[PDB]
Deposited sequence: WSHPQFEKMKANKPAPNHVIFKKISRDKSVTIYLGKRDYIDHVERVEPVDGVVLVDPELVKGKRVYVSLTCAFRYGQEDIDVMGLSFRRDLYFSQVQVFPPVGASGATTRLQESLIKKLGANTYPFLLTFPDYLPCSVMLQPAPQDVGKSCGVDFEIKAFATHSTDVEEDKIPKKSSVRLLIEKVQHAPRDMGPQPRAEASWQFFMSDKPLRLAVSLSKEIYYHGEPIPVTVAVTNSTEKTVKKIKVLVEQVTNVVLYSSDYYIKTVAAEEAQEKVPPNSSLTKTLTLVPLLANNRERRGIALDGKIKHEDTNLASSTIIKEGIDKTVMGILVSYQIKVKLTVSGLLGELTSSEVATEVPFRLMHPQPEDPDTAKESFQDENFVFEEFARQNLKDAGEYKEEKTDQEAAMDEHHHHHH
């Protein structure tokens, strides 16, 4: 759906073909668009188009430009390169005051992520925004580099994480426990079907409990936890359960059990959207859980602003022996990556 935005003084209008731009690790879809100007109003002026990736935190406020690119589209510079089908269409259709622009993403950026704090959280609101801006600027004998608000337009865009071609090794885990006063172990092996999952895709967690203890494994709980780490400006940490299933089955003393439970991590699983890393405005409707942060090798993690990750957590609730006051709970975790399907 081709969408446009006109400036207040109607001098600079900007057209884009889409709002979501696909990052699939291998490459990122460039921002190809067009700018229709009113030659009467932009006469003697210059019109630029900019791409900005900013991390914001927060009145108290912090902002870091994770990436910035800018080009002049009027008057023309003559170095635009080959035009795309969308650009050619829009130019041939809108008239002659139409000037194409192409703004590429680098490979060291994160994707669109927003985070609003919950009452039990000490962190402030933060996120990563992507913004395209077309503006007209000019100088005079009294002022230079004057950019009036009326001669400019902004468009918020999305940068969406999609699965790359390859994929990590099969997620596996193994934890063993020896409790107080007994060298008898409780072993727990956990495997996932694959290392990358898609938003909405069922996640098969295979759980193998080898219980050599005199204790009873009263409960087997499997969660999908979203761990999020703000890594710029303030060191905030969040961890929320976004999916949960129990086994409805126990493991008696000196017993073994292997079962498969299927978790689907969805934002719709909890009405509470706060304290969770999302991929859009916390009140919109197509907002999903943020995709796993894919940190490219050699890059310093802090330039991602917000690190998002997902893990399967297997919790075992074991019974107390004679003399013990309460039950006990042990747990293990196995990481995995969540994102949108391949292009």
Stretches of deposited sequence not represented by any CA atom are 1-18, 77-83, 369-418
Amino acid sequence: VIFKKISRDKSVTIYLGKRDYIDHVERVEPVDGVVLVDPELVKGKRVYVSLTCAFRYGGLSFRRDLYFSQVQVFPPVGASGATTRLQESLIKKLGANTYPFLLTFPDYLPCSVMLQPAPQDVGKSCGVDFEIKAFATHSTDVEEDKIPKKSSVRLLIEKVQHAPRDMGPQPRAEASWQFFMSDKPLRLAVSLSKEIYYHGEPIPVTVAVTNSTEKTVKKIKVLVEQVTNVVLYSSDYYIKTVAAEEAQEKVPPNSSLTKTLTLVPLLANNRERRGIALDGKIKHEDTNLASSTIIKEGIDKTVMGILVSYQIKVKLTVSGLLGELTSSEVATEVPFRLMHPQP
From here on, numbers count along this sequence of modelled residues.
Look up the CA B-factors in the entry and say which stretch, 239-247 or 82-90, has the higher mean.
82-90
Return whichever of 141-149 and 107-115 has the greater mean Cα B factor according to the PDB record.
141-149
Among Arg8, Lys5, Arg337, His340, where is the Cα B factor highest in this entry?
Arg8
Deposited CA B-factor, highest of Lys221, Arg172, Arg165, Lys133:
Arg165
Consider only the C-alpha atoms of the modelled residues in this chain, order them by B-factor as the entry records it, and name the third containing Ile295: lowest, middle or highest.
highest
Rank-wise, by C-alpha B-factor, drop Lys259 into the lowest, middle or highest third of its chain.
middle
Lowest, middle or highest third: where is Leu192 by C-alpha B factor in its chain?
middle
Classify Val77 as lowest, middle or highest third according to the C-alpha B-factor given in the PDB entry, relative to its own chain.
middle
Splitting the chain's C-alpha B-factors into thirds, which one does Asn97 fall into?
highest
